[PDB]
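J.: First residue of the sequence shown: -16, per this note's numbering; consecutive thereafter.
Cβ atoms here follow ideal geometry from the backbone N, Cα and C, with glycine treated the same way.
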Amino acid sequence: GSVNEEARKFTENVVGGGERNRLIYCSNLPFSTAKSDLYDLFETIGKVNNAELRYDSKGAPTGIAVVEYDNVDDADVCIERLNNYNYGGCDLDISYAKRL
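1. Taking the beta carbon of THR27 as the centre, do at least 16 other beta carbons fall within 10 Å, making it buried, or is it exposed?
2. What's the gap between the Cα of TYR8 and the Cα of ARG37?
3. Is it buried or exposed for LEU12, if we count other Cβ within 10 angstroms and need 16 for buried?
4. Note down, in chain order, each residue of its chain lying with its Cβ closer than 6 Å to the Cβ of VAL31, except the 5 sequence neighbours on either side.
5. Taking just the CA atoms, how far does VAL55 sit from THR45?
6. Note down, in chain order, each residue of its chain lying with its Cβ closer than 7 Å to the Cβ of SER10, except the 5 sequence neighbours on either side.
7. Let's test the definition: count the other Cβ atoms within 10 Å of the Cβ of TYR68 and tell me whether it reaches 16, buried, or not, exposed.
8. Between which two residues does the beta strand (DSSP E) harbouring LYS(-8) extend?
9. Let me confirm a value: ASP74 is counted as buried when at least 16 other C-beta atoms fall within 10 Å, else exposed. Which label applies?
10. Please state whether DSSP places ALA80 in a helix, a strand or coil.
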């Protein structure tokens, strides 16, 4: 199925600066980002299995995304590698996802 409540619950009740777990919360994304470009962006750390962009009214972006890496050690690379990178003219903000 192309669009599901799971994909919403993957960006809903999510906030940055969590305990160490394979899930990464990104913020300050440029407004032109798309899930296919987002997979290619975090794939240079190692490996994305589940990644997605939070939407506002329906399907319009927000500047927020979540990325599941293969393993918590790839998130530790991400937090020094993208947390610090100019994407679309924006210094991205990266951390472990605390999903409530």
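T.: Answer, in terms of the structure:
1. Residue mapping note: residue 27 aligns to position 44 of the sequence shown, counting from 1. It is exposed - the Cβ of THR27 has fewer than 16 other Cβ atoms within 10 Å.
2. Residue 8 sits at position 25 when you count from the first residue of the sequence shown. Residue 37 sits at position 54 when you count from the first residue of the sequence shown. Those two C-alpha atoms are separated by around 10 Å.
3. Reading the sequence shown from its first residue, position 29 is the one you call residue 12. Buried, by the Cβ-count rule.
4. For this step, residue 31 is matched to residue 48 along the sequence shown. Answer for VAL31: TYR22, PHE25 and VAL50, listed in chain order.
5. Taking the first residue of the sequence shown as position 1, residue 45 is located at position 62. Taking the first residue of the sequence shown as position 1, residue 55 is located at position 72. Roughly 25 Å separates the two Cα atoms.
6. As a first step, residue 10 must be located in the sequence shown, where it is residue number 27. Contacts found: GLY(-1), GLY46, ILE47 and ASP76.
7. Residue numbering aside, residue 68 sits at position 85 when the sequence shown is read from its first letter. When all chains shown are included, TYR68 counts as exposed.
8. In the sequence shown, counting from the first residue as 1, residue -8 sits at position 9. Element bounds for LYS(-8): not the beta strand (DSSP E) but the alpha helix (DSSP H), -12 to -8.
9. Translated into positions along the sequence shown, residue 74 becomes position 91. It is exposed - the Cβ of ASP74 has fewer than 16 other Cβ atoms within 10 Å.
10. By one-based count along the sequence shown, residue 80 stands at place 97. Strand.
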